[PDB]
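# Below you'll find the sequence and an experimental structure to go with it.
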Amino acid sequence: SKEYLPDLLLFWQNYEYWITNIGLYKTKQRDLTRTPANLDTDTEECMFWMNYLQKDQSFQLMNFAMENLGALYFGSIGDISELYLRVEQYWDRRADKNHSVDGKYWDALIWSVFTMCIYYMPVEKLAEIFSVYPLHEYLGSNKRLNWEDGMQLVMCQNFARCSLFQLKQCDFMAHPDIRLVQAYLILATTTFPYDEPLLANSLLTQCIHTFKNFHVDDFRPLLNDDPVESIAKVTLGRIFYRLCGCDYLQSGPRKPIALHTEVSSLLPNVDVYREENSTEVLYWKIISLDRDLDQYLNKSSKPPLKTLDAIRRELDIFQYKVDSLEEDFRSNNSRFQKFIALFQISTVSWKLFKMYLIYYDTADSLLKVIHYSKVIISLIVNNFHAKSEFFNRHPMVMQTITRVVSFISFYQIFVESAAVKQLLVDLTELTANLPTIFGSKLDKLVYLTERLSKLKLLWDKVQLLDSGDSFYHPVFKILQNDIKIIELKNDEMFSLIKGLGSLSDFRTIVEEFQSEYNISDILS
Amino acid sequence: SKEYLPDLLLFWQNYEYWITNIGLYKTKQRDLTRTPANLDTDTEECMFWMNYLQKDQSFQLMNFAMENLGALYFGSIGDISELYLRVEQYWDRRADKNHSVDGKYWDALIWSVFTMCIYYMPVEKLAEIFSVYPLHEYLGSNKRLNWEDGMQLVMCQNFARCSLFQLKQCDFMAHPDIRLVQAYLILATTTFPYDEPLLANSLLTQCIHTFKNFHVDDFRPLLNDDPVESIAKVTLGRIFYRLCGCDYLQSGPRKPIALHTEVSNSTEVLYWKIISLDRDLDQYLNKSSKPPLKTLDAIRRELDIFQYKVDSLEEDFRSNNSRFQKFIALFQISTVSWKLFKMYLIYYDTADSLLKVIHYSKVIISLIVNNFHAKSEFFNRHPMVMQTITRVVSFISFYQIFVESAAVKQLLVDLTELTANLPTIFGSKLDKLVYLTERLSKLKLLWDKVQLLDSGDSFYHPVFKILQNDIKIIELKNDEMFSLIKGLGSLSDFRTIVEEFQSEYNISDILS
Amino acid sequence: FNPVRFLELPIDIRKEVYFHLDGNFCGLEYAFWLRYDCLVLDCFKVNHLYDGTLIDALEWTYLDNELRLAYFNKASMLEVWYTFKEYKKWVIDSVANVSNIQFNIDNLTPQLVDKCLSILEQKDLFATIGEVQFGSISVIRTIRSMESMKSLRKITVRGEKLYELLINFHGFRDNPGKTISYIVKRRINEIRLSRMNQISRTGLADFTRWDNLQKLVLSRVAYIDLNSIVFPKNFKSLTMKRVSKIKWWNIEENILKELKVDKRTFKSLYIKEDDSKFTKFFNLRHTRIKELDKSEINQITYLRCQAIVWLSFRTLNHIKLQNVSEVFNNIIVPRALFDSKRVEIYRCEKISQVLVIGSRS
Amino acid sequence: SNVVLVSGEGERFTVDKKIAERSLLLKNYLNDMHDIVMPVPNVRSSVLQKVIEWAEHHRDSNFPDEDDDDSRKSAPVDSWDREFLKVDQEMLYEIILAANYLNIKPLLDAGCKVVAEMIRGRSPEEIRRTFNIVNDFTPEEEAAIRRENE
């Protein structure tokens, strides 16, 4: 019999929630009796990584971001030609021995902008601007590494830490101001929310508290307002919808305080149909389609087909709006905006037809999954060319492939097909050719896929037993115990007790495979 | 006509929400272009102010807390003889070079306990323990200042700041743990929520994040549980109910992330039930609506039930912890009773209301004057008597402005005499309370010397326009739109009397 | 025709087959065997499987001295009829809890409406019934029973005799038994109207009493006036079927009273520049939409124009229009409901002027 | 500039880009980056040739909308479409499967209207009196119905 498949596809939703989503990005094994305390206070380290930079290097980073990366910061900070004055003021106020809170806020904002500049610059321009040598003079690592060898990410993470250190010098908890939130919306474009998810959740809770301090709900200005007040409300609305997007991209069992009062498209105090659609709320609408799909992962109920068909209709509507974006390609900012919107709309299409395949098994759903996987392959391989390799550095290409190359692996364990194997070979070709800036995270993904490849072999050599009621095989036990182990590793009761307390060949094959390929290797 | 009295008593709800609560205690005038961003991050300050404390002095602080302060820390840390081991570990580990995060959490907890010891200690033992002279050698102030001048408040603020500095060395943002909530609830016993208000709001939002990290929503022990887990869930329930209490004691416009999901071992449950009754009373300050009579009658019936429960409580004379608990519980239930009959007087104008207000006001005065003797003077240092006496003297002065009575006048003289006799550990809040009482008395003189007029539809008097402009100025001062604009870019004889009163008796003097 | 390959055919294509096959299951009728087809049970299994977004016209009737579910055609001819245990058994077959069942008053007799309500109340449930179709003894008999009607979400009211008594706020009378009981008005999520001529005559069309409206349907009405109608808090949708000449909002008269500019000079102020990017997808071909020029206005004045547009347009998500054949006062809609596919006009060749305000950036 | 579709059997067909924009998939598979061949699996080449001929017929026809649920009900049974889909049943279902895969709403609507006219006018009391996929029907219930038939 081949009727074990629908319950196993329904088990994929639980496995995708706990292994691929939570346990790979959003779980950090902490142990408070072993972490070193912050007695350095990041003072010597960020003192070095602040006086390492020079002035001409900073203005070249600003010119690079001015002519390339505008689709990321243009909703957050606005127009960056205003910020050249702030860079001049930083390089003039660097010699001052008494700083103000406002000046240090502007300095933290431009250091976050520099962190994004370091994250999205290709290795050739970064080697022509910066020098490899004094970092190896300082960091004490191996003196043979280059920028393409894994030292660009170290400089990016240390610039993010220096932005956070300049936030620490403000007493940012005692002075709530908007330059926290904007700075986090520049730091939420790197892999900073995936490096330290605990610190990202704490800063994001501070950003939610800082935003809700202003008590602004409607960003449509009124008729009895200062013109400055109306421009302030427009910029605050753009910051708000970018903050909602960067807020949904970190959800899970460690993020309890939601900002999600934004009502999704036609199932809620902020109904998102009333704003004039700029880039930021368009990105939020695509993230809202994503969040309306991926709430049924850990839930036991099944999604209605009414909802999935509404998602299909609105998916085609925003698909056509991306075509009718209509900007000038000579400035190439619209090129990167078009890539972001097109990759997100292909991701949401893929998740829609994955849920079509799993929950209801509709007309050629697997074939549409293969088709949109090939579309994602096309949209990533097309940017293997020159001058636009860094387009493959926006973090959503790390998420979506992690959703794809797991699932097409998992289905390959149980249903043998011809197109699926060639698609898996294409994904295995694509996974190694992703940029090396995702580092260890990228490495972990390959390990997961490799484990699933080995999980095909144990499916083949072992015969499926039968009890009449339910089915029994070691693959089922191992896939169950993976979710059991990672749900055990997200239980903070033992942290509470460390706080204020005083403290059959079936089983053999399962213990052999879990002793050989442990799932806890993917935990951060 | 004489119709201004009910609408003016309804105006008192607005004035009591903004001026006596948000303006005096919960508003900090900030300026970001002039405030020194401390690049040192208080390392030079707290390094000295932690080298000032000595070991045997700290153990005498812990002994005083064990003897006399149990009804405060029992909600947060339970028993303090269990904490002596952690104090020993800190004093042995202090001489090291490296440190661990869990140790620094225990250090933040015991420094918060030290702050609670300093804030409630009487002045004679505090003078016998600590010197006065290195304080003025560091601060550069007068050598002739004493503890009653205000140096004990300065030492309390510096210990709170050094506890926060130990929290900042933990990177408590990137490492949530339950000792943050306990070390904040010990710092919530003082007037640290009134020195730095939005810093306390940020710490309380961090504590709400740290609590909801655990995902425990029901605190009852099951059968298949580890008993350690059941003890942990009971203790976490205690911390949750007291955290709801200290959350309600910091509400307002500058704190929108609230924990109040609960609606309406025996002591903490009694304490939260009294505070929740207080919450259901004072939820009608900022609102434009009015409570029904059935609501106030149910509050009165439950008030009599908890009055009998406090009458069912005991007291011990050799154990001062029991008298401290008894005074706190009886003062809380008397404050809730006074606020209930104040709402009776304001909203419905029911007979036998003002006599009940004077009755429970004299009960509050008797509970304070009973502690004016020896051996129990520090009972008046709890923040609830500052809040309660602020509301009482404000409402009695506002009632004396517009309604004359001899018993009310003698009550006002008693409140005014007791107001200057409050201890000097409240300091600037006490001075601004005296200034607000003096401003309302001069407003009474202005009400006396100026005729009330009427154009045929509504009344007109300078007192009404001044009391309205106070609320309008403080609602203008509690807006962050100007800070948002500065963040985005760098972009008749009647009127004469009103402007002279506003130019002489300014409203911005009660702010911070 | 092979009904065994048609059933192994997948779900949504078979749905699209039944989408064009709504009422006419046959084509006078041999109603004995027509119920027990596999295709009819397939229709109702798929119809229960989505939400009820197909035919959905399931009535309670008292036929053959028995209370049973019944489906009526588009011309109100009886197609199928189920005993409730049968329909429960095959809904359980589909799902491997019913709550959406319509209730006419117009397609029934009051001497059996009373018995239907009495035995339906005292028998087991008096629940699982969503819509209530009004449009006078039987009406008052139904009103007395709606207090126990736990899960209803819809009210349809037919022509103007029954509307002004029940729905509009104008009365405020002293008859509690005649009108609603204010617990049924809390869960009243949609309201449809039909078979009338004027909604706002002899008073004012005010919906302020009815809280919690997320949709509204105006069908086959002669003359309405949007300027007269006010709307509740938390109002979402607005759908209008085939109507005659109607008046729209006073938005253009408020822009004309803002800039202090004339009508003919405003007709040279409405640009028609950005009509070839995305509005070609709208497939209008009759209404050429027009916007305001960016060079002929300031920034803050344009934001104030948007603020004037959102006044008397406070909370609305989508406006749906069938053939209306005329609109008097100068359609000028916001782009935030026009740039997405929310403002949807479908069959209007007689309409010509659509103005749209907002940035298309 | 021509666009090549690929069938399931392997025969590569060639149409124009403006012709291929009748499909709501070529319009979103070719619009990746402007700085040519689309595979269609599991479609026999005759079926894709018929779909291509249908797309070449209606090059300048105004179809109603995408979300007009009442214009689909008020059905235009087009003359060339009714002449076109007059094939046997399996060819018709393969065309409808191809139109669902190619995301072409009007051909899907026309095919489903043809199948709806087939299923509407079934033989009364001949095929409707024979239920044939008999499940959730006991022999007791079937015997009860066949006893209630007389």
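Structure received. Numbers count the residues shown, from 1 in each chain, chains lettered A, B, ... in the order given.

# I'd guessed residue C:142 sits against residue C:135; true?
No: taking contacts as C-beta atoms under 8 Å, residue C:142 lies outside contact range of residue C:135: 11.5 Å. Where you see a C-beta, it was placed from the backbone N, CA and C, and this is true even at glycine.

# so what sits against both of these two?
Common neighbours of residue C:142 and residue C:135, using C-beta atoms under 8 Å, 6 or more residues apart in numbering or on different chains, are residue C:105.

# What ranges does the chain have for its strands?
By default, I'm working from chain A. Under the criterion DSSP state E, strands of chain A are mapped to A:262-263, A:270-271, A:465-466, A:471-472.

# looking at chain C here, not the other one
Using DSSP E, the strands of chain C run over C:58-63, C:66-72, C:78-82, C:131-133, C:154-157, C:190-193, C:217-218, C:237-240, C:270-271, C:288-292, C:318-321, C:332-334, C:344-345, C:353-357.

# Ok, which of those strands comes nearest residue C:21?
Counting by C-beta to C-beta, residue C:21 lies closest to strand C:78-82 out of the strands of chain C; the figure is 11.7 Å.

# Can you name the residues in contact with the closest one?
By C-beta under 8 Å, 6+ apart, the residues outside strand C:78-82 that reach it are C:23, C:25-26, C:31, C:34-35, C:40, C:61, C:63, C:68-73.

# How about residues contacting the helix or strand containing residue D:146?
Element membership of residue D:146 [criterion: DSSP states H and E] is helix D:139-147. Applying C-beta under 8 Å, 6+ apart, the set of residues contacting helix D:139-147 from outside is C:36, D:134.

# What's the separation between the residue in the stretch 51-200 of chain C that chain D sits nearest to and residue C:39?
Nearest residue of the stretch 51-200 of chain C to chain D (C-beta to the nearest C-beta) works out as residue C:93 at 4.6 Å. As judged by C-beta to C-beta, to the nearest Å, residue C:93 and residue C:39 stand 15 Å apart.

# More neighbours: those two, which one.
Per other C-beta atoms under 10 Å in any protein chain shown, whichever of residue C:93 and residue C:39 has more neighbours is residue C:39, with 21 against 12.

# For the more buried one, which residues are in contact?
When contacts are counted by C-beta under 8 Å, 6+ apart, residue C:39 touches C:3, C:6, C:25, D:119.

# The last one touches residue C:7, doesn't it?
No: taking contacts as C-beta under 8 Å, residue D:119 lies outside contact range of residue C:7: 11.7 Å.

# Please identify the deepest-packed of the strands of chain C.
strand C:332-334 (a mean of 23; mean count of other C-beta atoms under 10 Å in any protein chain shown).

# close to chain B, is stretch A:161-175?
Yes: on the criterion C-beta under 8 Å from any C-beta of the partner chain, stretch A:161-175 is in touch with chain B at A:168, A:169, A:170, A:171, A:173, A:174, A:175.

# how about the residues of chain D near chain C?
So far as C-beta under 8 Å from any C-beta goes, chain D lies against chain C at D:62, D:64-65, D:67-68, D:70-73, D:75, D:89-90, D:93, D:96-97, D:100, D:108-109, D:112-113, D:115-116, D:118-122, D:124-125, D:127-129, D:131-133, D:136, D:145, D:149.

# now do 6 Å
Chain D has residues D:68, D:100, D:112-113, D:115-116, D:118, D:120, D:124-125, D:128-129, D:131, D:133, D:136 near chain C, with proximity defined as C-beta under 6 Å from any C-beta of the partner chain.

# Let's see if you can find the most crowded of these.
Using other C-beta under 10 Å as the neighbour test, the residues of chain D next to chain C are led by residue D:115, with 25 neighbours.

# residues in contact with the residue nearest the centre of chain C?
Geometric centre of chain C, nearest residue: residue C:217, 3.4 Å, by C-alpha atoms, centre = their mean. Applying C-beta atoms under 6 Å, 6 or more residues apart in numbering or on different chains to residue C:217 gives the contacts C:192, C:239.

# for it, which residues make a bridge with it?
With beta bridges defined as DSSP bridges, residue C:217 has these partners: residue C:192, residue C:239.

# Of the contacts of residue C:39, which is the nearest to chain A?
Taking C-beta to the nearest C-beta as the measure, chain A lies nearest residue C:6 of those, at 13.5 Å.
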